[PDB]
Amino acid sequence: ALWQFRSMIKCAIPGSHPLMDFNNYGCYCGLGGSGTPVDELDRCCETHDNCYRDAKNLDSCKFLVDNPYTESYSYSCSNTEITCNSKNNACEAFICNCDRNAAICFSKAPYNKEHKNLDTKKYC
Ligand SMILES: [Ca+2]
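Residues numbered from 1 in each chain as written, not as in the entry; some residues may be left out. Heavy atoms only, no water.

The textbook angles at a metal center are 109.5 degrees for a tetrahedron of four donors and 90 or 180 degrees for an octahedron of six. Coordination of the calcium ion by the protein comes from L31 (O) and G33 (O), over a distance range of 3.1 to 3.2 Å. The class for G33 is partly exposed, based on a relative accessible area of 39%. (Donors = N, O, S within 2.8 Å, 3.2 Å for Na, K, Ca; no water. Buried < 20%, exposed > 50% of the residue type's maximum accessible area, 1.4 Å probe, protein only.)

Structural data, given as structure tokens:
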């Protein structure tokens, strides 16, 4: 889940907005655009998209029409670090693993907060 990993993405960035620091960014990070990224940090948004979807195809969730931003969450928060859920059928918990390893790219990665604010021309 996207709003539900976006409580804890503001624990992840002590920080401010969970996305919008990402929505626009290098190309598209988390929300906005489409194509390929720029940063190591923007790569976990090519896959918070490419491992985010696949609930739609899932071994554990056979149904078509999940929507790429929706399924999981039952979390936490510490210093800046959470957990994900406390139940696990892949329907939620597979999507929850894509969300938290993106909270880890997004809190930390080989980050650069530098190509914010952008466009997709120079950028994508
Ligand atoms: Ca995107």
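Resuming the write-up.
To continue, consider the pattern of salt bridges. Applying the stated criterion across every chain, the model contains one salt bridge. A salt bridge links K121 to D119; the nearest nitrogen and oxygen atoms lie 4.0 Å apart. For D119, a relative accessible area of 42% translates into the label partly exposed. (Salt bridge = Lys/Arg side-chain N within 4 Å of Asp/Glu carboxyl O.)

The tally for this structure, following the rule as stated, stands at five aromatic pairs. Between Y52 and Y69 the ring centres are 5.6 Å apart and the planes differ by 20°, which places this aromatic pair in the stacked class. Highlighted residues: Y52 in the loop between α3 (40-50) and α4 (90-107) and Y69 in the loop between α3 and α4, separated in sequence by 17 residues. The structure contains a cluster of three or more aromatic residues connected by ring pairs, namely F22, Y25, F106 and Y111. (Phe/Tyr/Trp six-rings, centres within 6.5 Å; stacked < 30°, edge-to-face > 60°. Helix = DSSP H or I, 4+ residues; strand = E, 2+ residues; numbered from the N terminus.)

Before going further, it helps to spend a moment on α3. Here α3 has its buried residues at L41, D42, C44, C45, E46 and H48. Looking at the buried residues of α3, the elements they touch are α1 (2-5) and α4. Measuring from the backbone nitrogen of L41 back to the side-chain oxygen at the start of α3 gives 3.3 Å, which picks out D39 as the cap. (Contact = heavy atoms within 4.5 Å. Polar contact = N/O pair within 3.5 Å; in protein donor to acceptor, adjacent residues only side chain to side chain.)

Its 18 residues place the ends of α4 24 Å apart at the C-alpha level, agreeing with the 26 Å of an ideal helix rising 1.5 Å per residue. Those residues of α4 not exposed but buried are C91, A93, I95, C96, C98, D99, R100, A102, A103, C105 and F106. On the buried face of α4, the contacting elements are α1, α2 (9-12) and α3. (Expected span 1.5 Å × (residues − 1).)

Packing of α3 against α4 leaves a shortest axis separation of 9 Å and a crossing angle of 165°. With respect to α4, the element α3 is oriented roughly antiparallel. Note on packing geometry: the crossing formed by α3 with α4 is left-handed. In this structure, α3 contributes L41, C44, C45, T47 and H48 to the contact, and α4 contributes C98, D99, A102, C105 and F106. For the contact of α3 with α4, the class distribution of residues is seven nonpolar, two polar and one charged. (Axes fitted to C-alpha atoms, helices over the stretch in contact; angles between N-to-C directions. Parallel < 35°, antiparallel > 145°, perpendicular 65-115°, else oblique. Left-handed = near helix turned anticlockwise from the far one by under 90°. Nonpolar A, V, L, I, M, F, W, Y, C, P; charged D, E, K, R; others polar.)

Throughout the structure, instances matching the rule amount to seven disulfides. Disulfide pairing is shown between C11 and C77; the S-S distance is 2.0 Å. Since a negative S-S torsion denotes a left-handed disulfide, the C11-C77 link at about 75° is right-handed. Of this pair, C11 sits in helix α2 while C77 is found in the loop between α3 and α4, placing the two residues 66 residues apart along the sequence. You can call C11 buried: its relative accessible area is 14%. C77 sits in the partly exposed class, given a relative accessible area of 42%. (Disulfide = S-S within 2.5 Å.)

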